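Structure record follows, encoded as structure tokens.
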Amino acid sequence: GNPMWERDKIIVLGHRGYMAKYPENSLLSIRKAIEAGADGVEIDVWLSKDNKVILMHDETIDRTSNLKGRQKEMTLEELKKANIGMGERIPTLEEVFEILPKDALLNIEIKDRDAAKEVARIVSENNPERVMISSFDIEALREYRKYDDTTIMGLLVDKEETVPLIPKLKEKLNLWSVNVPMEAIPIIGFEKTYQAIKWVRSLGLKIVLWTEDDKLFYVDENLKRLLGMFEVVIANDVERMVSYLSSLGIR
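Add 2 to a position in the sequence shown, counting from 1, and you land on the number used in the entry's author numbering.
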């Protein structure tokens with residue numbers, strides 16, 4: 003199928019670039035993740051007022067920058083005035099593709115359904131084989147599929163109630179993976195999480211594991227107990243995850 007995402011080796015992506023150590027969703031963090039041995043990065047994107055795809059996790063720039071505002075209401079020049087940490091500026095998606103190796107993997111998380119059309123266009127110009135589009139919002143994925151029906155797609159899940167919809171959503175959206183939080187383990191329990199992942203995999207879907215707390219990879223050997231049931235891990239601390247997987251003898 004897609005040899006960039008279907009591999010025998012576990013794929014490690016930096017979360018928001020490398021958010022344990024460098025400013026989230028910054029060019030600096032992305033370069034540092036690659037240097038630290040990640041296969042690629044995950045980034046969060048929105049559409050600015052003047053139709054530019056920019057990286058930002060929250061719906062406002064308040065938390066990560068020295069300015070205030072909703073990026074959807076701000077032009078790119080307004081946005082480029084912020085400092086998002088260490089002197090970094092808010093990047094555009096085009097700027098990300100300029101700094102990434104041409105074979106590096108990029109998981110674009112669409113936070114804004116309005117951005118899908120421009121994401122699709124930019125992706126098409128920048129080697130789509132190494133891109134995964136993901137979102138929590140079914141309607142953002144649906145919109146993306148109007149423009150690009152071949153790029154690898156993952157459904158992010160944050161609700162148990164989404165899980166029974168997965169067979170139909172796989173067909174509707176041509177999903178490749180389901181992108182599951184490690185936080186499912188404390189909330190619903192390890193065995194129920196395991197059995198849910200098993201069931202999703204039986205549909206022909208691959209699995210991306212993510213988390214807002216990297217400790218959950220390591221406590222109780224959670225990630226080790228899921229070996230063979232995931233293809234991608236999105237880690238906040240790239241170095242720690244690369245070193246861990248190598249210590250297990252598997253990457």
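Backbone N, C-alpha and C fix where the C-beta goes; we use that ideal spot for every residue, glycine too.
For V125, same chain residues with a beta-carbon under 8 Å away, outside a window of 5 residues either side, are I110, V133, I135, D150, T153 in chain order.
Sorting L102, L207, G89, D114 by C-alpha distance to the C-alpha of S179 places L207 at the top. For the 8 Å CB-CB criterion, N27 and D46 form a contact. According to the DSSP secondary-structure assignment, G87 is paired through a beta bridge with no residue. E127 carries a coil assignment under DSSP once its states are collapsed to helix, strand and coil. Excluding five sequence positions before and after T66, the CB atoms of its chain that fall closer than 8 Å to its own CB belong to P25, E26, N27, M58, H59, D60, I86, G87, given in chain order. Non-local beta-carbon contacts of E90 in its own chain, meaning distances under 7 Å to residues more than five positions away in sequence, involve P25, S28, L29, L30 in chain order. When rounded, the separation of the alpha-carbon atoms in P183 and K104 is 28 Å. Boundaries of the alpha helix (DSSP H) harbouring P188: 186-190, taken from the DSSP string.
If you check the CB distance, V234 and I13 come in under 8 Å. Residue pairing by DSSP places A237 opposite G16 in a beta bridge. In the DSSP assignment, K34 falls within the unbroken alpha helix (DSSP H) covering 29-37. Inside the stretch 189-216, DSSP marks whole beta strand (DSSP E) runs of 3 or more residues at positions 208-212, from first to last along the chain. For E61, no beta strand (DSSP E) segment is defined, and its DSSP state is neither H nor E. A buried status is given to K34, since no fewer than 16 other beta-carbon atoms sit within 10 Å of its beta-carbon. Residue environment for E145: buried (at least 16 other C-beta atoms within 10 angstroms of its C-beta). Following the DSSP letters along the chain, one finds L49 inside the beta strand (DSSP E) bounded by residues 42-49.
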